[PDB]
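What follows is one structure encoded as structure tokens, with my remarks underneath.
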DNA sequence: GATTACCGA
DNA sequence: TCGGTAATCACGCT
Ligand SMILES: [Mg+2]
Ligand SMILES: [Zn+2]
Ligand SMILES: [Zn+2]
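Right under this line is the structure:
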């Protein structure tokens with residue numbers, strides 16, 4: 050992300066500087082929106098994509114002056130089972146049965 | 246810049262003097278403009294050869310014309326290694342030996358798939374900012390950026406490109422078959438497909 | 490191999506006797522220390538520098554992904570350092586002057602719950618070779634014939 | 005009821021496309037949308053029906069049996085066709101512009117008229133003649149009729165043309181040629197100049213090569229595939245034709261109203277580009293027009309072609325009916341020319357039967373019985389043609405008076421000829437008409453001696469049968485293709501369908517000296533091996549212990565009564581004791597079978613009058629390669645006799661190998677201690693000779709050969725020492741362990757064995773090389789990192805020294821995987837080069853017959869070989885290349901006459 | 067049946083004893099790659115070896131041969 | 001990606 | 001000599 054930085058639009062007033070990224074815990078919202086955590090056995094049994102949201106805040110540069118950063122989610126990102134970011138990391142033997 | 250060994254050095258005088266009295270300095274940049282297209286381009290002559298050398302000759306050193314001082318030394322060093330082989334001073338380096346054969350895997354491949362899909366999202370950001378400045382003009386000053394930023398994204402462009410390239414295994418570089426579904430019969434064979 | 494930041498390695502070798510690119514001629518100066526394919530710096534004695542880094546790695550000061558190879562041709566001399574992120578390595582046990590290092594007194598410790606592989610590579614008895622450092626080795630096969 | 009005489013090709017005139025076509029297409033649209041799918045353009049504008057809607061060009065024509073029809077496109081501007089464009093350039097640089105002549109004098113016209121009819125037969129000779137006319141018209145710029153009006157030079161590659169014209173004084177501007185400028189030149193050629201080119205005045209006019217009107221293919225050649233349930237995937241040809249009409253449409257409006265003059269020529273080239281992919285997508289210099297998902301479009305030239313196109317994919321190789329495909333599994337109880345068929349496949353395949361007058365009592369029962377009980381029928385047929393399927397709710401009203409002339413389809417029975425197939429179909433013989441026998445399970449069964457023609461084994465393979473049906477193609481299958489006609493092969497004369505693994509090594513246990521069977525075991529085995537003899541097992545030849553027979557005379561009941569053959573076979577270990585037998589036989593043609601013949605050996609087979617006096621049967625009487633006791637029984641006693649010699653031998657021989665035991669345990673490889681120490685003195689001094697030969701090269705005692713270099717002489721000498729060492733140790737083990745365990749019986753006679761891999765199991769394993777070099781790939785001067793570098797020793801450069809019994813140490817095992825992967829690569833590499841090399845030779849040579857007067861002729865009547873194959877004997881029935889075999893004839897005919 | 071009986075034996079062309087025990091004849095590409103070089107014309111062919119026989123005066127004399 | 005060979009200055 | 005371009009590379013089955 051820090052490769053790109055500022056590029057354009059054509060208007061001299063608005064500019065966008067790129068901030069930081071956080072990755073949330075794996076969750077999923079259906080229609081009639083409601084966000085609940087996924088559990089990988091549920092995502093191989095009704096054809097979903099076990100994924101995590103990609104939040105990225107941006108810096109609006111107004112004439113030089115930076116004043117308000119807003120965090121916007123850009124998309125999703127698939128996530129590997131029993132990695133450090135999924136819900137199975139460091140999780141004991143009697144809990145994987147659950 | 247190349248070498249100081251005299252036996253290497255006398256070979257360079259043969260390659261210099263045979264063709265140095267054809268083309269002088271700073272004109273082979275123009276000669277690529279003779280080669281890439283003809284019939285007095287002038288504006289296409291100089292300018293396209295500046296785009297060829299700075300974007301095809303060794304991009305791992307830089308993209309600026311400042312960086313040409315480093316690229317002259319790097320490519321000068323490889324021409325050494327050809328010319329003690331004409332005499333015979335080392336041996337051939339074999340491309341099977343595991344000192345030089347690395348493995349790009351799921352950490353490094355997935356960054357290449359993120360780069361293309363995120364770079365195309367930035368181009369989609371610019372289309373929704375320039376095509377919104379005029380259709381509505383001016384609105385509430387601090388609530389401009391609360392609606393210029395959040396409305397000019399349309400998030401689903403990113404995630405489909407991530408999934409569809411890996412749910413088929415045909416990546417936009419040209420690679421085919423990089424995602425093969427996990428062969429699942431007999432536990433010795435799920436594990437052997439992970440190795 | 491996982492990866493490591495490259496720039497910290499440049500500072501660490503420069504004070505240990507690396508004579509940089511600002512001064513080098515180089516040839517024929519008994520020289521050409523590389524770093525991940527890039528040529529940086531020069532040192533005078535080949536046998537001194539390739540043994541010096543290996544003694545520091547088998548103490549615990551520098552990080553554990555560093556491996557030095559030497560090339561000893563009759564007319565050509567290179568010192569290779571590798572600090573990239575995608576190599577394939579292999580574990581061996583260091584032997585030293587005829588005796589296998591860290592015999593039984595540590596081996597009951599692995600059998601007990603005291604220490605482990607995280608402790609043996611810090612204590613300096615296990616070594617991960619590349620294909621390139623493995624050129625300099627000469628490996629036995631059994632504890633009988635050493 | 006006519007037949008096709010000849011097919012004549014040409015080019016469609018644009019006049020002829022208008023008369024063929026039924027509609028003009030101007031609307032780039034398919035359905036638009038979800039109700040009334042009728043438009044004015046590319047779909048059914050009276051053009052072709054592919055849906056179940058009956059609307060066509062007034063002719064009914066439901067989707068079954070509706071041939072599509074052709075449309076046309078009035079292209080507003082002329083367009084160069086792609087495939088002719090290479091040959092339009094040959095026309096343009098060989099004609100005098102502005103008048104239309106040929107740039108030749110009348111002298112060369114009158115000379116080269118006569119050369120057409122002289123070389124008026126062969127294609128290759130007249131194709132070379134048309135280049136020299138192209139050659140002579142090229143090197144002229146002054147025509148004899150127009151005073152040299154500054155002829156320009158054409159140019160090409162791929163489609164854009166140019167000219168080198170002068171304007172001011174000596175200018176060289178390249179005026180790009182337009183297709184309207186080209187086609188005006190082509191119409192000025194008179195029709196009489198066309199024989200001087202490669203053209204024809206009634207079938208190929210040159211101005212018809214420029215497409216003024218593009219025809220539209222019908223709907224039935226461009227189907228509409230439905231994706232899930234209601235979404236229709238548009239065909240690749242349909243998708244490009246829609247986009248052609250939208251680049252035309254504007255162009256009509258562009259030149260009728262628009263006047264910027266620049267985009268027109270720019271639009272002009274888009275038309276060219278867009279139809280060029282439509283003819284052939286994979287041309288050069290053209291970016292492939294992709295589908296908007298990532299697939300290139302397979303247009304007309306890829307539908308016709310492309311290794312799965314429509315000459316090999318669908319026309320000359322087709323998918324068939326009435327077949328099956330399952331696995332195979334042995335049984336040695338059916339005859340040589342039968343086959344098992346499962347009863348599930350037998351009840352889903354049918355032949356037609358056509359009840360005449362004498363099977364009418366039979367086929368009343370086959371149709372009354374339903375399609376459930378195994379003698380049953382499926383489909384009855386009246387003489388009109390309305391078939392009546394039997395399954396539904398009654399068969400009694402069809403099992404009435406069956407009305408002679410009908411055709412009933414019933415299941416396969418015991419006797420109906422089927423075929424069989426292996427699929428890799430290498431040689432002539434892997435399809436052979438069998439004679440169905442029906443048994444309940446799910447595998448095709450197959451008699452063991454018929455498995456060197458198919459080249460099969462029984463580790464889960466797949467064989468496919470397919471029933472022939474019509475009464476001409478079925479009586480052809482039975483006479484010309486049954487198994488017993490194919491007992492010898494056309495490649496070498498020797499027998500092919502013969503005995504295998506147990507049939508050889510069982511026959512050695514029957515004819516050993518000391519094979520004395522008792523009374524119960526003789527009498528039991530003559531019942532099992534087919535034969536029918538009365539109460540004559542007689543006469544209890546050696547009653548010394550008890551009244552029991554010998555082993556020779558049980559084998560001497562299968563032979564005909566006047567054989568006389570004598571030959572020496574593989575088991576001969578003492579050549580001197582054969583001599584004595586040979587000498588006596590040759591001088592006294594018929595001695596008495598009792599007295600002198602009990603001086604016999606066990607390696608000299610001698611049979612007279614159907615009585616084996618002396619011998620021992622091994623793989624010289626059967627076998628996939630030459631066995632001269634099945635060979636001499638097909639040239640003397642028909643064929644139908646030799647199918648019951650091989651049917652009774654096989655069941656007799658597997659009997660004795662069953663009830664005598666033929667195990668092979670782990671002690672068969674075992675050597676006592678002092679024999680093992682004999683081996684180690686060979687391996688030590690052969691290693692000492694290697695260590696000495698390294699020192700000779702290293703200090704300058706080279707001893708060079710003149711041809712090779714010092715490294716290549718060294719490798720030569722070293723390998724010879726290593727090779728010889730392994731054969732010298734192979735002779736020690738082979739000499740020691742006797743020929744009385746059941747692991748060398750399998751190796752001397754020959755049934756899956758050698759005498760190499762039984763001394764590669766209690767001795768060395770030799771060296772371990774890779775395509776002639778010894779193992780050298782690895783690190784910088786050392787193969788594994790367990791060896792000090794700069795070493796050429798035996799132990800250190802690929803040479804194992806432990807058996808497959810005494811354990812391989814870890815350098816030897818990793819040296820052994822290197823030599824093993826060289827063997828597996830050369831299976832899959834060599835198979836693909838031999839497969840393509842066969843397609844070259846079949847397709848070039850499949851035309852040649854033999855006429856009645858003995859002449860091999862091609863299809864044009866050119867004689868290829870007089871008096872077929874240096875006249876005239878078939879190599880399938882010749883003996884070992886030669887002809888009539890006087891030598892055998894003399895001995896055979898004399899013996900019978902003299903013997904009496 | 068001419069094209070099938072020449073195309074069957076080339077598929078069973080497995081490995082042989084590539085370590086032949088001769089000296090004079092050298093590297094003449096035995097096996098399946100010879101059969102393609104004789105069928106396809108190929109003006110070039112790799113490893114030409116022309117056998118030379120001698121007359122009545124250079125037949126038995128060792129050094130004169 | 002490798003063999004050829006035909007075609008082109 | 002000498003450089004250039006296409007056109008070619010098992011059988012069946014999921
Ligand atoms: Mg098989
Ligand atoms: Zn119709
Ligand atoms: Zn003229």
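Protein chains in written order, with the deposited numbering: chain A, 50 to 147; chain B, 246 to 440; chain C, 490 to 635; chain D, 5 to 904; chain E, 67 to 131.
Built from N, CA and C at the ideal position, the CB exists for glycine as well.
Using beta carbons (cut-off 8 Å, strictly below), is residue 444 of chain B in contact with chain A? With chain B represented from 246 up to 440, any question about residue 444 of chain B goes unanswered, as that position is not in the structure.
Would DSSP call residue 437 of chain D helix, strand or coil? Sequence index remark: in the fourth chain, residue 437 of chain D carries index 433 (1-based). Residue state, collapsed to three classes: strand.
Please confirm if the region 501-508 of chain D is in contact with the region 386-395 of chain D, defined as three or more CB-CB distances below 8 Å between the two stretches. no
If we ignore side chains and look at the alpha-carbon of each, how far apart do residue 154 of chain A and residue 128 of chain A end up? Any property of residue 154 of chain A remains undetermined from this structure, which presents chain A solely from 50 to 147.
Go to residue 4 of chain D, then tell me how far its beta strand (DSSP E) extends in each direction, as first and last residue. In the structure displayed, chain D extends from 5 to 904; residue 4 of chain D sits before or after that span and is not available.
Within 8 Å, strictly: CB atoms of residue 94 of chain E and residue 115 of chain E: Indexing the fifth chain from 1 puts residue 94 of chain E at position 28. Indexing the fifth chain from 1 puts residue 115 of chain E at position 49. Yes; because the gap between Cβ atoms is below 8 Å, this pair is in contact.
Judging by CA-CA distance, which residue of B:392, B:269, B:345 is the nearest neighbour of residue 526 of chain C? Numbered from 1 along the third chain, position 37 holds the residue referred to as residue 526 of chain C. The candidate whose alpha carbon is nearest that of residue 526 of chain C is B:345.
Against chain C: residues of the region 333-359 of chain B by CB proximity under 8 Å: 334, 335, 342, 343, 344, 347, 348, 349, 350, 353
What residues in the region 588-616 of chain C have a beta carbon less than 7 Å from any beta carbon of chain B? none
With a Cβ-Cβ cutoff of 8 Å, do residue 541 of chain D and residue 879 of chain D count as a contact? The sequence position of residue 541 of chain D within the fourth chain is 537, counting from 1. The sequence position of residue 879 of chain D within the fourth chain is 875, counting from 1. Not in contact: residue 541 of chain D and residue 879 of chain D (Cβ atoms no closer than 8 Å).
8 Å Cβ cutoff, residue 67 of chain E in contact with chain D: What you label residue 67 of chain E is simply residue 1 of the fifth chain in a count that begins at 1. Yes - at least one Cβ of chain D is within 8 Å of the one on residue 67 of chain E.
What separation, rounded to the nearest whole angstrom, lies between the Cα atoms of residue 471 of chain D and residue 422 of chain D? Against the fourth chain, residue 471 of chain D aligns to sequence position 467. Against the fourth chain, residue 422 of chain D aligns to sequence position 418. Answer to the nearest angstrom: the Cα atoms are 5 Å apart.
Assuming the contact rule is C-beta atoms closer than 8 Å, residue 554 of chain D and residue 614 of chain D should be a hit. Round their C-beta distance to whole Å, please. Your numbering for residue 554 of chain D matches position 550 in the fourth chain. Your numbering for residue 614 of chain D matches position 610 in the fourth chain. Not really, about 16 Å apart at Cβ, beyond 8 Å.
Assign residue 403 of chain B to one of two classes, buried (16 or more other C-beta atoms within 10 Å of its C-beta) or exposed (fewer than that). If you number the second chain from 1, residue 403 of chain B lands on position 158. Result: buried.
Any beta carbon from chain C within less than 8 Å of residue 248 of chain B's own beta carbon? Residue mapping note: residue 248 of chain B aligns to position 3 of the second chain, counting from 1. Yes, because at least one Cβ of chain C sits closer than 8 Å to the Cβ of residue 248 of chain B.
Note the first and the last residue of the continuous beta strand (DSSP E) segment covering residue 1 of chain D. Since the displayed chain D opens at 5 and closes at 904, residue 1 of chain D lies outside it and no answer follows.
Cβ pair residue 76 of chain D, residue 213 of chain D closer than 8 Å: Numbered from 1 along the fourth chain, position 72 holds the residue referred to as residue 76 of chain D. Numbered from 1 along the fourth chain, position 209 holds the residue referred to as residue 213 of chain D. Not a contact, by the Cβ cut-off of 8 Å.
Top-ranked residue by Cα proximity to residue 310 of chain B, from B:321, B:294, B:354, B:290: For the purposes of this step, residue 310 of chain B is identified with residue 65 of the second chain, where counting begins at 1. The option with the nearest alpha carbon to residue 310 of chain B is B:294.
For a contact meaning CB atoms closer than 8 Å, what does residue 543 of chain C contact in chain B? Here the question's residue 543 of chain C lines up with position 54 in the third chain. Per Cβ cutoff of 8 Å: no residues; residue 543 of chain C is ~18 Å from chain B at best.
With a Cβ-Cβ cutoff of 8 Å, do residue 462 of chain D and residue 333 of chain D count as a contact? Translated into positions along the fourth chain, residue 462 of chain D becomes position 458. Translated into positions along the fourth chain, residue 333 of chain D becomes position 329. Yes, they are a contact pair.
Taking the Cβ atom as the reference point for each residue, do residue 411 of chain D and residue 466 of chain D lie within a distance shorter than 8 Å? The residue labelled residue 411 of chain D in the question sits at position 407 within the fourth chain. The residue labelled residue 466 of chain D in the question sits at position 462 within the fourth chain. Not closer than 8 Å, so no.
Residue 105 of chain D beta carbon near ligand 3 (any heavy atom closer than 7 Å): Here residue 105 of chain D corresponds to residue number 101 of the fourth chain, with the count starting at 1. Result yes, Cβ under 7 Å from ligand 3.
Would residue 103 of chain D be called buried (16 or more neighbouring beta carbons within 10 Å of its own) or exposed? The count along the fourth chain starts at 1 and reaches residue 103 of chain D at position 99. Under this definition residue 103 of chain D is an exposed residue.
Given that residue 577 of chain C touches chain B, what residues does it touch there, using C-beta distances under 9 Å? Translated into the one-based positions of the third chain, residue 577 of chain C becomes position 88. Under the 9 Å cutoff, chain B gives 343, 346, 347, 348.
What residue ranges within the region 456-535 of chain D form continuous alpha helix (DSSP H) runs of no fewer than 4 residues, ordered along the chain? 475-484, 505-514, 523-532
Continuous alpha helix (DSSP H) assignments of at least 4 residues falling wholly in the region 155-234 of chain D: 183-190
Between residue 53 of chain D and ligand 2, is the CB less than 7 Å from at least one heavy atom? Numbered from 1 along the fourth chain, position 49 holds the residue referred to as residue 53 of chain D. For ligand 2, at least one heavy atom lies less than 7 Å from the Cβ of residue 53 of chain D.
Have a look at the DSSP bridge pairing and note the partners of residue 581 of chain C. Translated into positions along the third chain, residue 581 of chain C becomes position 92. Beta-bridge pairing links residue 581 of chain C to C:616.
Determine, for residue 523 of chain C, whether the minimum Cβ-Cβ distance to residues of chain D falls below 8 Å. The residue given as residue 523 of chain C occupies position 34 in the third chain. For residue 523 of chain C, the answer is no, since every Cβ of chain D falls outside 8 Å of its Cβ.
At 7 Å on the CB atoms, spell out the chain D contacts of residue 624 of chain C, in chain order. As a working mapping, residue 624 of chain C is identified with position 135 in the third chain. In chain order: 783, 784.
Please list, in chain order, all residues of the same chain as residue 215 of chain D whose beta carbon is under 6 Å from its beta carbon, the five residues on each side excluded. The residue labelled residue 215 of chain D in the question sits at position 211 within the fourth chain. Same-chain partners within the cutoff: 83, 85.
Per DSSP, what kind of secondary structure is residue 675 of chain D in: helix, strand or coil? The residue given as residue 675 of chain D occupies position 671 in the fourth chain. In the structure shown, residue 675 of chain D sits in coil (DSSP, three-state: anything other than H, G, I, E or B).
Does residue 440 of chain B get closer than 8 Å to chain A when you measure Cβ to Cβ? Position 195 of the second chain, counting from 1, holds the residue named residue 440 of chain B. Residue 440 of chain B does not count as touching chain A.
Does the structure place the region 12-22 of chain D close enough to the region 597-611 of chain C that three or more beta carbon pairs sit under 8 Å? no
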